[PDB]
Amino acid sequence: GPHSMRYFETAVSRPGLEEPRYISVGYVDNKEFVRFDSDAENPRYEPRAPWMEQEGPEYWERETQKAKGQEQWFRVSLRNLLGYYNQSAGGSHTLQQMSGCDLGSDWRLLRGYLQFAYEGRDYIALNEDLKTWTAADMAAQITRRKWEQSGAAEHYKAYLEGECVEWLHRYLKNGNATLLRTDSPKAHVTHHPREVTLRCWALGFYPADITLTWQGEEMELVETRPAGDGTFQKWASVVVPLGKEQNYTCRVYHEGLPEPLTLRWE
Amino acid sequence: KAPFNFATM
Amino acid sequence: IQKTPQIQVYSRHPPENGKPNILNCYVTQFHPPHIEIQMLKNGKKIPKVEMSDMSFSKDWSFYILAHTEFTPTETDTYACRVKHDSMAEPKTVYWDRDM
């Protein structure tokens, strides 16, 4: 199966605070596995999955040190961006970064990622070629020219194609315990006297991606939502004429399933 | 292992 | 500019009156990350409430899951009130055990 790693980094400044607050969260196959937060009493990368305790103190000291550097980087960048956008003193501002790699089922690098957002909006991103930059805003051209001039792309490309892949392999080897499993959904339908409303529930599944469809032909649904125990929930409903209860069937599609479920009101 | 960044914006 | 948050309130386990369960308040899709979240029992703040650490989605919007031990009854009603700079007043969404 395919696999992925990401690091999602955020720096926030507020009118009150003197210095911004820096947070970094690492993910493997979309499950959180490490975390740094500068508001913490003793700022450090802490493990977040059980299988990560296997790393000795040199790992944690090293990564922590990188984090302290990123905090420096985000602080300065925030400062420069303020100037670029002619923003004045006395506002909240935020800067966000996503970086990482995608692997195919053969464990080869499918694609690398490296994008930034300012005030929640795309600021600059590294194209799929890991050589050129895309940046919409006129203000963002200043950073584009700077980074093109200095060879920034090559050093991100090296990380994304090397370290990112290399260490993700290692984490997966260590995670041939907790991460192998995907949880199939368990489906059931409920009745409500709206005409009546039929509601197809899907419960206890991982990962979140899932599809629900009523039939017949191709409705009200809610956004997929975490149960809070590592699994997810979703439902889809339709309004139906009273008595015509069995013309309608629900279908559930999920990667854990050997095949799609088919169910109706029992 | 986390990336570290080069030129500041 | 600001993204207005989406809110669902729902029980981890299928609800049954008189059974301990967990009530979640999933607040998604908001910017900036500063937000305030209250879970209410019959209109009052619930004493102590679990608050996941803030995180963000691939589209650069932040999200958070709040939760609290509760025991549903016939008559009590539970709500979640969110406060954010996208909204001039707070937003409340009530729990529906069928949803």
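Residue numbering for chain A follows Swiss-Prot, covering 25-218, 222-242, 245-247, 252-299 in order.
For all residues, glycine too, the Cβ spot is worked out from N, Cα and C.
According to Swiss-Prot, the region 'Alpha-1' annotation covers A:25-114.
The N-linked glycosylation site annotation in Swiss-Prot covers A:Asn110 (among others). Mapped onto three states, the DSSP output places A:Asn110 (N-linked glycosylation site) in coil.
Marked as region 'Alpha-2' by Swiss-Prot: A:115-206.
As annotated by Swiss-Prot, disulfide bond applies to A:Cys125-A:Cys188 (among others). For A:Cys125 (disulfide bond), the same-chain residues 6+ apart in sequence whose C-beta sits under 8 angstroms from its C-beta are A:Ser28, A:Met29, A:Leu133, A:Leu134, A:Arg135, A:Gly136, A:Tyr137, A:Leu184, A:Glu185, A:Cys188, A:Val189, A:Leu192.
As annotated by Swiss-Prot, N-linked glycosylation site applies to A:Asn200 (among others). Every protein chain shown contributes to the tally, and the Cβ of A:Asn200 (N-linked glycosylation site) ends up with 9 other Cβ atoms within 10 Å.
Annotated disulfide bond per Swiss-Prot: A:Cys227-A:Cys283 (among others), in sequence order, evidence recorded as experimental evidence. For A:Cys227 (disulfide bond), the same-chain residues 6+ apart in sequence whose C-beta sits under 8 angstroms from its C-beta are A:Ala211, A:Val213, A:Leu239, A:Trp241, A:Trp268, A:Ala269, A:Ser270, A:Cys283, A:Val285, A:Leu296.
DSSP classifies A:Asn280 (N-linked glycosylation site) as coil under the three-state reduction. Taken from Swiss-Prot, the feature N-linked glycosylation site covers A:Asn280 (among others).
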Glycosylation sites listed as A:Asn110, A:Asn280, least Cβ neighbours within 10 Å: A:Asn110
A:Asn200 (N-linked glycosylation site) and A:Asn280 (N-linked glycosylation site), distance between Cα atoms, whole Å: 44
Cα-Cα span in Å, A:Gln242 to A:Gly245, with 2 residues unmodelled: 5
Residue with minimal Cβ packing [other Cβ atoms within 10 Å] among the disulfide-bonded residues A:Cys188, A:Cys283: A:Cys283
Modelling gap (3 residues), A:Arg218/A:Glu222 Cα distance, angstrom: 5
